[PDB]
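Worksheet for the structure shown next.
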Amino acid sequence: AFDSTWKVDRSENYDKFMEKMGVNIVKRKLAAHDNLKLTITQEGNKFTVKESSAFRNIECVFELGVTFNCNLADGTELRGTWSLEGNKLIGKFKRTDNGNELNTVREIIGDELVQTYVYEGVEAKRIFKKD
């Protein structure tokens with residue numbers, strides 16, 4: 001789903017998240033300012049997400065179930081895959097840098113994409129919305 005353009009319109013706890021990865025207090029204070037844009041497309045078994053932030057736009061195309069890798073605006077690099085869990089889209093990502101594992105979930109509240117991530121027992125939330 002989420003076939004169109006969107007941009008983090010809401011988010012919170014990003015400090016506990018960015019603080020769990022052990023990132024300096026600099027990227028943490030500048031991180032909470034999550035305001036990137038993301039163009040997502042879906043094709044049955046072929047997805048295509050194109051991130052875009054004034055700091056480093058990214059892109060990741062692939063099918064659901066096949067492990068792959070995707071870097072996070074925080075300049076992170078992880079690999080895993082998204083799968084449907086009950087009524088949500090899970091996202092198992094493993095930091096290829098330190099394999100600090102990452103457990104997230106994706107939801108589409110009507111016209112908003114709620115992407116929550118977990119870290120060693122933490123939880124960050126990032127909600128998108130039609131531009």
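In the structure tokens, each chain is lettered A, B, ... as it comes, each chain's residues begin at 1, and ligands are numbered from 1 in order of appearance.
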Residues of region 28-99 of chain A at most 12 Å from region 104-114 of chain A: nearest atom pair and distance in Å, only C-alpha atoms, as a tab-separated table:
residue	atom	partner	partner_atom	distance
A:37	CA	A:113	CA	11.8
A:38	CA	A:113	CA	10.5
A:39	CA	A:113	CA	11.7
A:40	CA	A:113	CA	10.6
A:80	CA	A:104	CA	11.0
A:81	CA	A:104	CA	10.3
A:82	CA	A:105	CA	8.3
A:83	CA	A:105	CA	9.2
A:84	CA	A:105	CA	9.2
A:85	CA	A:105	CA	8.8
A:86	CA	A:105	CA	11.3
A:87	CA	A:107	CA	8.7
A:88	CA	A:107	CA	5.9
A:89	CA	A:106	CA	4.9
A:90	CA	A:105	CA	4.3
A:91	CA	A:104	CA	4.9
A:92	CA	A:104	CA	6.4
A:93	CA	A:104	CA	7.7
A:94	CA	A:104	CA	10.7
Can those selected residues be exported to a file as a compact mmCIF listing (two decimals), in the first residue's frame so that it contains N, CA, C and O atoms?
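Printed below is result-v7.txt as written:
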# COMPACT_ATOMS: atom_id res chain seq x y z
N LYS A 37 11.22 12.96 3.15
CA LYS A 37 10.11 12.59 2.23
C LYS A 37 10.35 11.16 1.72
O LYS A 37 11.48 10.73 1.60
N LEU A 38 9.31 10.43 1.43
CA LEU A 38 9.51 9.03 0.94
C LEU A 38 8.46 8.68 -0.11
O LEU A 38 7.27 8.81 0.11
N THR A 39 8.89 8.22 -1.26
CA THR A 39 7.92 7.83 -2.32
C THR A 39 7.83 6.31 -2.34
O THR A 39 8.77 5.62 -2.68
N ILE A 40 6.71 5.76 -1.95
CA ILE A 40 6.58 4.27 -1.92
C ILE A 40 5.65 3.76 -3.02
O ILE A 40 4.63 4.35 -3.32
N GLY A 80 17.21 -7.16 6.13
CA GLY A 80 16.23 -8.08 6.72
C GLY A 80 15.05 -8.18 5.77
O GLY A 80 15.19 -8.59 4.64
N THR A 81 13.89 -7.77 6.19
CA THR A 81 12.71 -7.83 5.28
C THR A 81 11.42 -7.49 6.01
O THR A 81 11.32 -7.63 7.22
N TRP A 82 10.43 -7.07 5.28
CA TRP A 82 9.12 -6.75 5.92
C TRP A 82 8.15 -7.90 5.66
O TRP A 82 8.13 -8.48 4.60
N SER A 83 7.34 -8.23 6.63
CA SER A 83 6.37 -9.35 6.43
C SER A 83 5.06 -8.99 7.12
O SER A 83 5.03 -8.18 8.01
N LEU A 84 3.97 -9.55 6.71
CA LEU A 84 2.70 -9.19 7.38
C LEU A 84 2.52 -10.01 8.65
O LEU A 84 2.48 -11.23 8.62
N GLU A 85 2.40 -9.34 9.75
CA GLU A 85 2.21 -10.03 11.04
C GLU A 85 0.79 -9.74 11.53
O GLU A 85 0.48 -8.63 11.92
N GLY A 86 -0.08 -10.70 11.48
CA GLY A 86 -1.48 -10.45 11.91
C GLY A 86 -2.08 -9.38 11.00
O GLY A 86 -2.46 -9.66 9.88
N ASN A 87 -2.17 -8.16 11.46
CA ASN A 87 -2.74 -7.08 10.61
C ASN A 87 -1.74 -5.92 10.50
O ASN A 87 -2.12 -4.77 10.42
N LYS A 88 -0.46 -6.21 10.50
CA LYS A 88 0.55 -5.12 10.40
C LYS A 88 1.71 -5.56 9.51
O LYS A 88 1.89 -6.73 9.25
N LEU A 89 2.51 -4.63 9.05
CA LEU A 89 3.67 -5.00 8.19
C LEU A 89 4.94 -4.94 9.04
O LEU A 89 5.43 -3.88 9.35
N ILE A 90 5.46 -6.07 9.43
CA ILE A 90 6.69 -6.06 10.27
C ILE A 90 7.90 -5.68 9.43
O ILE A 90 7.87 -5.70 8.22
N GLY A 91 8.97 -5.33 10.08
CA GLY A 91 10.22 -4.93 9.38
C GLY A 91 11.41 -5.38 10.22
O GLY A 91 11.84 -4.69 11.12
N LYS A 92 11.94 -6.53 9.94
CA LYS A 92 13.10 -7.02 10.74
C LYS A 92 14.38 -6.51 10.10
O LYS A 92 14.80 -6.99 9.07
N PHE A 93 15.01 -5.53 10.70
CA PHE A 93 16.27 -4.98 10.11
C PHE A 93 17.43 -5.23 11.06
O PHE A 93 17.34 -5.05 12.26
N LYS A 94 18.54 -5.64 10.51
CA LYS A 94 19.74 -5.90 11.34
C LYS A 94 20.85 -4.94 10.94
O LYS A 94 21.34 -4.97 9.82
Write out as a PyMOL selection string all residues of region 5-116 of chain A that backbone DSSP assigns to strand (DSSP E or B). chain A and resi 5-7+10-12+37-43+46-52+58-62+68-72+76-85+88-95+102-109+112-116
Calculated over only C-alpha atoms, which of the candidates A:123, A:60, A:100, A:117 has the smallest distance to residue 22 (chain A)?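 Counting only C-alpha atoms, the residue closest to residue 22 (chain A) is A:100.
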Point-to-point distance from CA of residue 29 (chain A) to CA of residue 124 (chain A), Å rounded to tenths: 14.1 Å
Which is closest to residue 6 (chain A) among A:24, A:116, A:53, A:67, if we use only C-alpha atoms?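 Checking each of A:24, A:116, A:53, A:67 against residue 6 (chain A), counting only C-alpha atoms, the winner is A:53.
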